[PDB]
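This report refers to the structure that appears directly beneath it.
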Protein chains: 4
Amino acid sequence: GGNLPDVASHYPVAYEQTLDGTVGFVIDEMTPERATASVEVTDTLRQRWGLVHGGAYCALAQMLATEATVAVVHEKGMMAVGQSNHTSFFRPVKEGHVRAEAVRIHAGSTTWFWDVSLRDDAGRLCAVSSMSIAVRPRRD
Amino acid sequence: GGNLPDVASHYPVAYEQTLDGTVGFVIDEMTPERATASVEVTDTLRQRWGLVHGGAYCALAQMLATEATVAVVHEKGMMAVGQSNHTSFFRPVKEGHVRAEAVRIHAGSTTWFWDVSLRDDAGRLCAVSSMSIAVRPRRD
Amino acid sequence: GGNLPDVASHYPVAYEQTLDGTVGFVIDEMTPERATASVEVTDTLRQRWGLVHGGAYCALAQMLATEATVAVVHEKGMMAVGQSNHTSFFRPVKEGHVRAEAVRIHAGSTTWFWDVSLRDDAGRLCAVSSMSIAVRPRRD
Amino acid sequence: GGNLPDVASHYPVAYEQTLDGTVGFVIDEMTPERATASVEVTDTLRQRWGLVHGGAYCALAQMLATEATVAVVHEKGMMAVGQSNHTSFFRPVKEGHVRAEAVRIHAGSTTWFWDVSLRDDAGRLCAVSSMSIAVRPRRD
Ligand SMILES: CC(C)(COP(=O)(O)OP(=O)(O)OC[C@H]1O[C@@H](n2cnc3c(N)ncnc32)[C@H](O)[C@@H]1OP(=O)(O)O)[C@@H](O)C(=O)NCCC(=O)NCCSCC(=O)c1ccc(O)cc1
Ligand SMILES: CC(C)(COP(=O)(O)OP(=O)(O)OC[C@H]1O[C@@H](n2cnc3c(N)ncnc32)[C@H](O)[C@@H]1OP(=O)(O)O)[C@@H](O)C(=O)NCCC(=O)NCCSCC(=O)c1ccc(O)cc1
Ligand SMILES: CC(C)(COP(=O)(O)OP(=O)(O)OC[C@H]1O[C@@H](n2cnc3c(N)ncnc32)[C@H](O)[C@@H]1OP(=O)(O)O)[C@@H](O)C(=O)NCCC(=O)NCCSCC(=O)c1ccc(O)cc1
Ligand SMILES: CC(C)(COP(=O)(O)OP(=O)(O)OC[C@H]1O[C@@H](n2cnc3c(N)ncnc32)[C@H](O)[C@@H]1OP(=O)(O)O)[C@@H](O)C(=O)NCCC(=O)NCCSCC(=O)c1ccc(O)cc1
């Protein structure tokens, strides 16, 4: 579901039940250095003024950047979790899709850093989100 | 109606269909300088690893900081929208609630800044979110 | 005069006495969309542990992003100032130079956003700095 | 010099020669949870338009937050270095002093997080800076 990296035999929460399944995030491409994902805008993505919620751009960036890290480190016995997210909002999105492209810009032993651009259907850059992903050894 | 500030007679999206109403955000207190909100953790707030989604903390902080700005400025002919958000994640939340407390730290003519704390049922500080809120004349 | 954009006949502080001239920042290229600058590492750029000061990367990014905004908007009656800066530090620099490359990513009516990369003499990416630049009518 | 924590018998760079000594940063109070410092504004602190440089607020926050961490962890065999700094600029400072107050808001095993308020001589809040400080075991 959502085409998230398949790194474990089971997961605590089914895709369709998570925030990500609820709003409809879907991953398209995914490599160690770059990953893309998108979502259809519907009310569930919007806030009361009719624009895509700022939290939705943060949430798509976070899932994409974290899972793109999980895709690499999980089989190395590590876990990956968001430690910091900085999002800037340049243009509202009223409808259509949001498309996210994540580029890896640093991969340290304790911290990976991704830049995520969020664009509307015309290709305009509506938001960007910088994420720092902590990598730590798994607890079992 | 999540108890959001009732500033207009019509809104483009009803509470219950917004991302906010979908995950269950509810505002408890609101004054010009300070506001609080909370949410019950359910799967809809979680990611597949069973923890509250990073985007959920961002979304809660975004709605609370923005709407507490709306509450003041709307009657002044102004629109308020999120311009930037920086969220840092200190401890995960697996279940219970997330409680948010937004404190206004600067109210400029064009920009309001709010610090938002996010705490678990034990009161521990699990994340913080700084929100910068652009304030502009409402377009006809 | 650090090669900063020559937009006015007088400036309140001469280059050589500013923080910029004190540490030795010099702009190499400037266009509306992209600009570069660099500095020689000396003790004046370092902290007591012998590494380049975190504030130095921030200062370089701040001067480069702002003044590249000044270069466009000054002749339009506008002032440009730093509104927010987020800097992330990936590898220390002990000696040599720091080279900065600022790329404009959004140019709004009130806000320009620039991403700045900071690299060592080996070309490695040592820090990044996102700058948000407020653009306002110049006060008489 | 500058009243920085005295944790080692020698340091790679003398205070008066560092960025911090050059601009005149001085620490006043310092405890595990809170630390204050200040600096006299002079041209060396300013940029060409006559206001305190954005980099100077970042640099005072960074030195104060990092050294406040060093004060605690150094005798535990750890080093502390800035990993991320997010600074927002609310009001310019033309002259007098900048006074920084750093409050610790989270102390993890790998990351300490400090909020630093920067005020002018009238007490007005002119900038804030959030820092994440990485703590790692020393390399010898
Ligand atoms: C933050 C962090 C330690 C995270 O490490 P990481 O993400 O785990 O990366 P990794 O550990 O993969 O190693 C990356 C590089 O970091 C350095 N590093 C990592 N761990 C250590 C360590 N325990 N000891 C020394 N260097 C280390 C080292 O350069 C390493 O390269 P290599 O020697 O292994 O090739 C690393 O990214 C880093 O060092 N970043 C740069 C930190 C920096 O230079 N910050 C700016 C200075 S902020 C401090 C400041 O301004 C200040 C001012 C005044 C004052 O009085 C005090 C402080
Ligand atoms: C960013 C902004 C303009 C936003 O304005 P706002 O949030 O709407 O606040 P508001 O407009 O309510 O006014 C707040 C104060 O800002 C100043 N200000 C605001 N608008 C203006 C304007 N159009 N013209 C002049 N001052 C203004 C003024 O001090 C005002 O106080 P008051 O005189 O109105 O009482 C305001 O918060 C601000 O001025 N912040 C401080 C900016 C600052 O000092 N940044 C760092 C330095 S500039 C970046 C830099 O380091 C650099 C380095 C080297 C170099 O070569 C060039 C630049
Ligand atoms: C922040 C700002 C207003 C700054 O404006 P700027 O940097 O000067 O850009 P500029 O003014 O050049 O205009 C860019 C676009 O912004 C929009 N915009 C700018 N000013 C205005 C205005 N006064 N009125 C309406 N739209 C405006 C408009 O789309 C404009 O495009 P155009 O129609 O002019 O072609 C603009 O960049 C912006 O609109 N960014 C997007 C803001 C956004 O979508 N944020 C997240 C959602 S709102 C936060 C939230 O999640 C929330 C959640 C729950 C809740 O209950 C309430 C809120
Ligand atoms: C980031 C970090 C690991 C840094 O750890 P630290 O600063 O070293 O703190 P310390 O390690 O002192 O321990 C703090 C707590 O962190 C947790 N933690 C630390 N290390 C680990 C670890 N190796 N394994 C599990 N938990 C850990 C643990 O809760 C610990 O408490 P305790 O069990 O020891 O009492 C910790 O601060 C943390 O876990 N922060 C919260 C991370 C978080 O919840 N982020 C939000 C989610 S972002 C991810 C996301 O949204 C996503 C969405 C969709 C999707 O498909 C995937 C991901």
Side-chain angles (χ1 to χ4, degrees), chain A residues 2 4 18-20 47-49 51-57 59 62-63 66-67 70 79-83 85 89-93 106-111 126-127 133-134 136-139, chain B residues 2 4 18-20 47-49 51-57 59 62-63 65-67 70 79-83 89-93 126-127 133-134 136-139, chain C residues 47-49 51-57 89-93 106-112 126-127 135, chain D residues 2 4 18-20 59 62-63 66-67 70 79-83 85 106-111 133-134 136-139:
Chain A
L4 276 57
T18 63
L19 178 69
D20 312 273
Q47 23 79 316
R48 78 179 178 165
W49 303 101
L51 297 306
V52 173
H53 200 286
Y57 302 89
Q62 190 72 64
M63 175 272 281
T66 312
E67 285 291 354
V70 167
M79 61 80 148
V81 295
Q83 174 158 222
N85 184 309
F89 303 102
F90 304 145
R91 180 180 292 284
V93 174
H106 176 64
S109 75
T110 65
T111 310
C126 294
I133 305 302
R136 294 296 185 276
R138 283 224 281 305
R139 260 161 183 204
Chain B
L4 271 59
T18 61
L19 171 55
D20 311 274
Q47 21 85 319
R48 71 173 173 160
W49 307 101
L51 286 322
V52 172
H53 202 287
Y57 308 81
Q62 187 82 56
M63 182 271 282
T66 313
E67 282 300 351
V70 174
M79 64 73 143
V81 305
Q83 184 158 220
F89 299 101
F90 303 148
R91 170 183 300 292
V93 175
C126 291
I133 297 305
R136 304 284 183 278
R138 186 178 326 145
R139 280 179 180 191
Chain C
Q47 21 85 319
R48 71 173 173 160
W49 307 101
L51 286 322
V52 172
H53 202 287
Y57 308 81
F89 299 101
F90 303 148
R91 170 183 300 292
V93 175
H106 166 76
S109 60
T110 67
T111 306
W112 286 30
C126 291
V135 173
Chain D
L4 276 57
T18 63
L19 178 69
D20 312 273
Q62 190 72 64
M63 175 272 281
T66 312
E67 285 291 354
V70 167
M79 61 80 148
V81 295
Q83 174 158 222
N85 184 309
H106 176 64
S109 75
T110 65
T111 310
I133 305 302
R136 294 296 185 276
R138 283 224 281 305
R139 260 161 183 204

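Start at 1 and go down the list; that is how both ligands and their atoms are numbered. No hydrogens, no waters, no symmetry mates; every other heavy atom, side chains included, goes into these values. Note on naming: letters A, B, ... go to the chains in the order of the sequence lines (proteins, then strands), and numbering restarts at 1 for each one.
- Residues with a heavy atom under 4.0 Å from ligand 3: A:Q47, A:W49, A:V52, A:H53, A:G54, A:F89, A:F90, A:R91, A:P92, B:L4, B:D20, B:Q62, B:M63, B:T66, B:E67, B:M79, B:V81, B:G82, B:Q83, B:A134, B:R136, B:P137, B:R139, C:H106, C:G108, C:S109, C:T110, C:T111.
- Here D:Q83 pairs with A:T111 under the side chain to side chain donor-acceptor pair (under 3.5 Å) rule; sequence neighbours left out.
- In this structure, the side chains of A:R48 and B:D20 stay at 4.5 Å or more apart for every pair of heavy atoms.
- Legend: residues meeting side chain to side chain contact (heavy atoms under 4.5 Å, CB included) with B:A80, ordered by chain and number and at least two apart, are B:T66, B:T69, B:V70, B:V73, B:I133.
- Between D:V81 and D:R136, the closest side-chain pair of non-hydrogen atoms is not below 4.5 Å.
- Residues passing the side chain to side chain donor-acceptor pair (under 3.5 Å) test with D:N85 are D:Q62, D:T87, D:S129, sequence neighbours excluded.
- Counting heavy atoms from C-beta outward, B:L19 and A:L19 have side chains that approach closer than 4.5 Å.
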